[PDB]
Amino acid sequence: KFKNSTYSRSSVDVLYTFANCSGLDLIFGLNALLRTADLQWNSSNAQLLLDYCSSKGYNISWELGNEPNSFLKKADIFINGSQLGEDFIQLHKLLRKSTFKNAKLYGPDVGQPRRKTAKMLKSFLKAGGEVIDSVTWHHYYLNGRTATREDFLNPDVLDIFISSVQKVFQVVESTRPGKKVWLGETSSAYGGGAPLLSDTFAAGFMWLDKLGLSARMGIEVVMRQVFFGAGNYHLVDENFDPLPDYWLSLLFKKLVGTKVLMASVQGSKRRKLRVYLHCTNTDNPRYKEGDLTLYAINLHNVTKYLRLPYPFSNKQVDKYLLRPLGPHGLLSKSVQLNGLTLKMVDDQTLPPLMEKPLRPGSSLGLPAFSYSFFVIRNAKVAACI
């Protein structure tokens, strides 16, 4: 049911200007269904775009195709992973002959690793893995059409992501050991998201858990479907107003560093209380080398009280607890940080994200169905340099 559309130099410039002015690094997906007689990739349209982008001095990274595992369903064309690998080798040759000869190339943007997708990924990495800078794959927990509120709160649903990640690394370790692995498109639910769920506070359990697990398990980059657009998994709605996952994303960015550590809860029950630990983001002007950022999800229906281990038990902790603004509870599209509603100051001005210092040596309170960050000040962790 999908039809070809054209796009203009204008559309390219709109896209590039938006990325450049926002401090984002653009990755442009090229059309992989442009084929020759013998089902080789026909690169002639890509050549026109590479030439235009070159002429404008655009610093752009490239992909080729989206979920090639479903090409037969979408376009009645089957491309096997071997051929797709060869297609990527042809794109790599074009990039090498372009003005940006060191441009990065990512792919193949396969869906999650069902048997047929795992096979396509393996044959793609055998054939084409030498020319890609990172392996991209996609993940969704649920079908947006059928997802329920209980699904969004169910640790058995959250835990399925662990097996997807293990299956992708099994394929990569067998073919291109040590190649970086990226989530190239990911959200709560596919088909544009779960109405009244994917755009709410309740979406944040899946998003924060995905980020925690991705970092813990060796995924280097997670690309959230979608910043803005059709489908209520957007971070920003049709009025350009931020939803709870935008605020969660911003707080994650301000507090959580690049060095991943590990946290776990003593006792046999690790399902409903979910904990993650990184070095604190060093760019945060409040904090200093050696500080830790803990983040936690409470899917229990009662408050839990977390005790930090020696030698962190008596440190100053800053709390950053997210709760919904009423009256719609977890189905709210508004969130409070430490009891203050998060809202733009104006169209040009994000608000401060204000910490709540806890009394040194107090347990960390995490209300039912909430998530929070906790910065451990003067943690002096050598690993965090």
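So that the term is clear: the rigid core is the largest set of C-alpha atoms that superpose within 1.5 Å between two forms. The numbering used is simple: start at 1 and walk along the sequence shown.
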Relative to this form, superposed by the core, which stretch has the greater CA RMS in 5 other deposited structures of this protein: 98-106 or 112-120? 112-120
Could you tell me which of the two stretches, 270-278 or 215-223, has its Cα atoms lying farther from the shown structure in 5 other deposited structures of this protein after fitting on the rigid core? 270-278
So 100-108 or 212-220, which one's hotter by mean CA B-factor in the entry? 100-108
Mean B factor on CA atoms, stretches 37-45 and 321-329, record says higher is 37-45
Highest-ranked of 94, 131, 206, 147 once sorted by CA temperature factor in the record: 94
If you check the C-alpha B-factor for each of 159, 237, 289, 185 in the entry, which is highest? 289
How does the C-alpha B factor of residue 199 compare with the rest of the chain: lowest, middle or highest third? lowest
Consider only the C-alpha atoms of the modelled residues in this chain, order them by B-factor as the entry records it, and name the third containing residue 76: lowest, middle or highest. highest
On the chain's distribution of Cα B-factors, residue 376 falls within the third called middle
Once the chain's modelled residues are ordered by C-alpha B factor and cut into thirds, is residue 127 in the lowest, middle or highest one? highest
Quick tally, chain-level thirds of C-alpha B-factors: residue 270 sits in the highest
